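What follows is one structure encoded as structure tokens, with my remarks underneath.
Virtual Cβ from ideal backbone geometry, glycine too; neighbours counted across all protein chains shown. Bear in mind these aren't lab numbers, they're just calculated from the coordinates by the rules spelled out.
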Amino acid sequence: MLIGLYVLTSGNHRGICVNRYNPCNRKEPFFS
Amino acid sequence: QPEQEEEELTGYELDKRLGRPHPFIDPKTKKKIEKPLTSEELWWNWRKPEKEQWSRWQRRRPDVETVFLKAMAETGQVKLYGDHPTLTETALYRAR
Amino acid sequence: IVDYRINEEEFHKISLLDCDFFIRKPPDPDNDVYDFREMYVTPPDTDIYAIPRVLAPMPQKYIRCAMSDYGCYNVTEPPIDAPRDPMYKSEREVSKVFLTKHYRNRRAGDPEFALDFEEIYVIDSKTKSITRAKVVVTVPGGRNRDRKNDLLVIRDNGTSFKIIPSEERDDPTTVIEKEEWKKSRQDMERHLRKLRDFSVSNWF
Amino acid sequence: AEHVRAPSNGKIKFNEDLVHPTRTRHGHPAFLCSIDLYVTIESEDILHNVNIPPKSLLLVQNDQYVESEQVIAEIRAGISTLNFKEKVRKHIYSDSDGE
Amino acid sequence: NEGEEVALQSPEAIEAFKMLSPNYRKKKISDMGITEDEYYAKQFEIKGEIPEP
Amino acid sequence: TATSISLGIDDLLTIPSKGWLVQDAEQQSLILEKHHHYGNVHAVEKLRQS
């Protein structure tokens, strides 16, 4: 049960892990 | 400041900012070092043996990361210093 | 210490986390006019009045201005001692106040309303000081550039001010993403430096 | 009980007049510090500054190249008398017959 | 003889520390004004009373 | 159940620097053994270093 709760709240990759190149040279869903 | 004109166009600087493959230590700023103490001058505890000694750890460990890095290097997706991947390079791959 | 107790009904009161700042109020219909000639600062919610540190030239005439607050929300979990005691507590915590000149001392109602971003004054909680900002207009158009296509970007804890054209603004995701990338990159290098093969390696 | 290790690869520079000579518990030559010292390692890219204020044993000599993650010195900060002290006897034995 | 993990105070010990280094030995021998071969020979010398001929 | 965690042989990662560290410790230990033999270190001292 603890494993499941941790996975839900663990999160997402933030910088180098999610984008290869700096975001400078160049998330989307919005829900109500 | 009507025209914003800041330009990092040197290959190293541009590559580092963008994130493209590049050498970690700048080739230009690498600096030579005065010779260190010779083996003889050092105290015994720190003196390398004259004949190489056998160990069970003499050969590098086989792994999935090394195989993939080599394969991608041939394709051209990554450029690596050298022809065989290093331990730091393998660590970065696990992350990305 | 001034030694006189003022009538605060005639003063604008601006509250910051560690201080209360008072500036004189000339009478007006919408309450937007300010005199920087008289000012006093007081420890929070206490009434011994004192003179502020002024770090810049101040206006000598009435100016119509707009006020905004800069700061951080603090959410704390407080100890629970009774059956329905609060589970969380949230506080605004303002640290700086920015006052911006209305253009040509014009009024909100007018069709011609804009704000002059060239003149912005800052009040700082920690130092009990009032100063004027340094803006860098990078927007071509010269001094006469239209004030209907102007946006100000404030970064760096309130210490950087720039005016740029409107369409060239960055979306909210890009600002967050850019920051994360910088921090994450620097952190990985710090980890990998310890390894003995770092000099002979390549970022990829 | 803490071992100062090396930040990066390079030559270790320090003044030897300040430190005083000794032999360690494991038999090696070493230097003992009773004043604070600054030791620098000159990696080609950068200079690393490390300090050893408490009585410490420095196990390196000026101009020695030291690789990363190698124990360069020992803090030995703790100075507590032990009531758990126990004297023990080891016996050496002979590997060949003779006089 | 001195103790453990203690600054070496006896004069003989300090010289022994300095001689664990090859350069000190050569520099010192030059001061004594002897050839390299001579140092080797003095090592193999007879201590104690030397008898009369 | 949906994420389905499991453990495999190659998920038991080891720190990148282990080989270098074990190899160096072994060198120090060999050198001390030659020296016990030649008379430059005593026995309580060998035990302790190890």
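For C:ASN157, all conditions in the list (1) assigned to a loop (DSSP other than H, G, I, E, B); (2) within 14 Å of another protein chain (Cβ to nearest Cβ); (3) within 13 Å of the chain's Cα centre (by Cα) hold save one; what is the number of the exception?
Tallying (1) assigned to a loop (DSSP other than H, G, I, E, B); (2) within 14 Å of another protein chain (Cβ to nearest Cβ); (3) within 13 Å of the chain's Cα centre (by Cα), C:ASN157 fails exactly one: (2).
For B:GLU3, are the conditions met, namely being exposed (fewer than 11 other Cβ atoms within 10 Å of the Cβ), farther than 23 Å from D:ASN9 by Cβ and facing another protein chain (nearest Cβ under 9 Å)? Walk me through how you get there before you give the answer.
On the way: exposed (fewer than 11 other Cβ atoms within 10 Å of the Cβ): yes; farther than 23 Å from D:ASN9 by Cβ: yes; facing another protein chain (nearest Cβ under 9 Å): yes.
Judged against the criteria, B:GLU3 is a match.
Just to be sure I understand, how many residues within region D:42-81 are of a type in the set (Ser, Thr, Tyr), surrounded by 13 or more Cβ atoms within 10 Å (Cβ to Cβ), more than 10 Å from the chain's Cα centre (by Cα) and more than 13 Å from chain F (Cβ to nearest Cβ)?
Here the count works out to 2.
Please enumerate the residues belonging to region F:15-50 that are surrounded by fewer than 15 Cβ atoms within 10 Å (Cβ to Cβ) and small (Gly, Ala, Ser).
Matches in region F:15-50: F:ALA25, F:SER29, F:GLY39, F:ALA43, F:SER50.
Does B:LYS70 satisfy being within 14 Å of chain D (Cβ to nearest Cβ) and either in a helix (DSSP H, G or I) or not polar (S, T, N, Q) (or both)? Break it down stepwise before answering.
Values: within 14 Å of chain D (Cβ to nearest Cβ): no; either in a helix (DSSP H, G or I) or not polar (S, T, N, Q) (or both): yes.
The answer is no for B:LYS70.
Before we move on, is B:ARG20 in a loop (DSSP other than H, G, I, E, B) and exposed (fewer than 10 other Cβ atoms within 10 Å of the Cβ)?
no
Restricting attention to chain E, which residues are within 14 Å of chain D (Cβ to nearest Cβ) and among the small types (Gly, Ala, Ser)?
Matches in chain E: E:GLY3, E:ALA7, E:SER10, E:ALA13, E:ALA16, E:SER21.
If you take the residues of chain A that are in a loop (DSSP other than H, G, I, E, B) and more than 14 Å from chain C (Cβ to nearest Cβ), which of them is nearest to F:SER4 (Cα to Cα)?
A:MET1
Filter region E:8-29 down to residues that are surrounded by 11 or more Cβ atoms within 10 Å (Cβ to Cβ) and among the small types (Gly, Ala, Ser) and give me whichever is farthest from D:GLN61 (Cα to Cα).
E:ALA13
Please pick out the residue among D:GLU69, D:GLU16 that is on the phi > 0 side of the Ramachandran plot and either touching a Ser or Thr at 6+ places or on another chain (Cβ under 8 Å) or among the acidic types (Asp, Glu) (or both). Show your work before the answer.
Numbers: D:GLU16 fails: on the phi > 0 side of the Ramachandran plot.
The conditions single out D:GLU69.
Taking into account only those residues within region C:128-159 that are under 21 Å from C:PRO57 (Cβ atoms) and among the hydroxyl-bearing types (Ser, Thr, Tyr), which is surrounded by the fewest Cβ atoms within 10 Å (Cβ to Cβ)?
Going through the qualifying residues, I end up with C:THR159.
Of the residues B:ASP26, B:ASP15, which single one is more than 8 Å from chain D (Cβ to nearest Cβ), assigned to a loop (DSSP other than H, G, I, E, B) and not small (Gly, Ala, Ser)?
Numbers: B:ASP15 fails: assigned to a loop (DSSP other than H, G, I, E, B).
Only one candidate qualifies: B:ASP26.
This table checks each residue for (1) in contact with an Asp or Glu (Cβ under 7 Å, 6 or more places away or on another chain); (2) surrounded by 14 or more Cβ atoms within 10 Å (Cβ to Cβ); (3) aliphatic (A, V, I, L, M).
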{"residue": "C:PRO86", "(1), (2), (3)": "no, no, no"}
{"residue": "C:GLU91", "(1), (2), (3)": "no, no, no"}
{"residue": "C:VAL97", "(1), (2), (3)": "yes, yes, yes"}
{"residue": "C:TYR103", "(1), (2), (3)": "yes, yes, no"}
{"residue": "C:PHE117", "(1), (2), (3)": "yes, yes, no"}
{"residue": "C:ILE120", "(1), (2), (3)": "no, yes, yes"}
{"residue": "C:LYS126", "(1), (2), (3)": "yes, no, no"}
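Can you confirm whether D:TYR38 is under 27 Å from F:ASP24 (Cβ atoms) and either surrounded by 11 or more Cβ atoms within 10 Å (Cβ to Cβ) or not charged (D, E, K, R) (or both)?
Yes, satisfied.
What is the one condition in (1) in contact with a strand residue (DSSP E or B) (Cβ under 9 Å, 6 or more places away or on another chain); (2) within 25 Å of C:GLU180 (Cβ to Cβ); (3) part of a loop (DSSP other than H, G, I, E, B); (4) not polar (S, T, N, Q) that B:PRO36 does not satisfy?
The single condition B:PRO36 does not satisfy is (2).
Being of a type in the set (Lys, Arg) and farther than 18 Å from B:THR88 by Cα is the filter; apply it to region B:51-67 and report the residue that is nearest to the other protein chains (Cβ to nearest Cβ).
B:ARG56
Can you name every residue in region D:23-41 that is in a strand (DSSP E or B) and away from chain F (no Cβ under 14 Å)?
Hits for region D:23-41 are D:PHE31, D:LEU32, D:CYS33, D:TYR38, D:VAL39, D:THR40, D:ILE41.
Does region B:32-43 hold any residues that are within 7 Å of another protein chain (Cβ to nearest Cβ) and either touching a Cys at 6+ places or on another chain (Cβ under 8 Å) or surrounded by 10 or more Cβ atoms within 10 Å (Cβ to Cβ) (or both), and which are they?
Let us first name the residues in region B:32-43 that are within 7 Å of another protein chain (Cβ to nearest Cβ), namely B:33, B:36-37, B:40-43.
Once the filter is applied, which keeps residues that are within 7 Å of another protein chain (Cβ to nearest Cβ) and either touching a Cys at 6+ places or on another chain (Cβ under 8 Å) or surrounded by 10 or more Cβ atoms within 10 Å (Cβ to Cβ) (or both), region B:32-43 yields B:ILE33, B:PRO36, B:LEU37, B:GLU41, B:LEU42, B:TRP43.
Filter region D:2-35 down to the residues that are out of contact with any strand residue (DSSP E or B) (no Cβ under 8 Å at 6 or more places or on another chain) and buried (at least 17 other Cβ atoms within 10 Å of the Cβ) and list them by number.
Within region D:2-35, D:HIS26, D:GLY27, D:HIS28 meet the criteria.
Look at B:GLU52 and say whether it is under 17 Å from F:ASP24 (Cα atoms) and part of a loop (DSSP other than H, G, I, E, B).
Yes, satisfied.
Looking at (1) within 20 Å of F:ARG48 (Cβ to Cβ); (2) assigned to a loop (DSSP other than H, G, I, E, B); (3) in contact with a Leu (Cβ under 7 Å, 6 or more places away or on another chain), can you tell me which one D:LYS87 breaks?
All conditions pass for D:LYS87, except number (3).
In this structure, is C:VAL136 outside any loop (DSSP other than H, G, I, E, B) and over 28 Å from C:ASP3 (Cβ atoms)? Walk me through it before giving the result.
Working: outside any loop (DSSP other than H, G, I, E, B): yes; over 28 Å from C:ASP3 (Cβ atoms): yes.
For C:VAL136, the condition - outside any loop (DSSP other than H, G, I, E, B) and over 28 Å from C:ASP3 (Cβ atoms) - is met.
Quick check: anything in region D:84-98 touching a strand residue (DSSP E or B) at 6+ places or on another chain (Cβ under 9 Å) and either surrounded by 14 or more Cβ atoms within 10 Å (Cβ to Cβ) or closer than 16 Å to E:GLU4 by Cβ (or both)?
First pass over region D:84-98, keeping only residues touching a strand residue (DSSP E or B) at 6+ places or on another chain (Cβ under 9 Å): none.
Within region D:84-98 (the criterion being touching a strand residue (DSSP E or B) at 6+ places or on another chain (Cβ under 9 Å) and either surrounded by 14 or more Cβ atoms within 10 Å (Cβ to Cβ) or closer than 16 Å to E:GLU4 by Cβ (or both)), the answer is no, since none of the residues qualifies.
Please state which of the following conditions C:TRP203 fails to meet, knowing it meets all the rest: (1) within 14 Å of chain A (Cβ to nearest Cβ); (2) surrounded by 12 or more Cβ atoms within 10 Å (Cβ to Cβ); (3) farther than 22 Å from B:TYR12 by Cα.
Here C:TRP203 clears every test but (3).
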